[PDB]
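Presented below is the structure to which this report refers.
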């Protein structure tokens, strides 16, 4: 299949790029293949900037692990949230643009993002 790092890029990175954004992106990145992923976040910053977060503010992960890092500066992100009318395979999403600090979990050598934990 793919590596944890590759999966993170597929699920959360969009350095390139509306109200239909999430509906298209969640489908394009295969996040609605088996079921409708409840929520997801896309980061519009460069891969370098996001990877750099692994050496920024160390914070506790939501699950209790200690390998999470928070960005020192806010980042342009888009939050995707499944609607009520949404019914698989026709997953409907609410697109919300925002500028917040991101928190990602990092692992490996090279030490890179493998999980999007939260946006604050």
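Neighbour counts are summed over all protein chains in view; Cβ atoms, including those assigned to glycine, are modelled from backbone coordinates with ideal geometry. Here, each number is a calculation from the coordinates, and none is a lab measurement.
Structure data summary
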read-out: Extension gain (nm, one decimal) between residue 72 and residue 97, 0.36 nm per residue minus Cα-Cα; value: 7.1 nm
read-out: Gyration tensor over alpha-carbon atoms, the chain, equivalent ellipsoid semi-axes in Å; value: 25, 15, 13
read-out: Rounded FRET efficiency, nearest 0.05, which uses the C-beta distance separating residue 17 from residue 58 and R0 of 35 Å; value: 0.70
read-out: Between segment 21-41 and segment 56-95, the Cα center-to-center distance that results, in Å; value: 13 Å
read-out: Estimated FRET transfer efficiency (residue 90, residue 6; beta-carbon r; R0 35 Å; 0.05); value: 0.80
read-out: Sorted by Cβ neighbour density within 10 Å, fewest at the top, the residues 16, 46; value: 16, 46
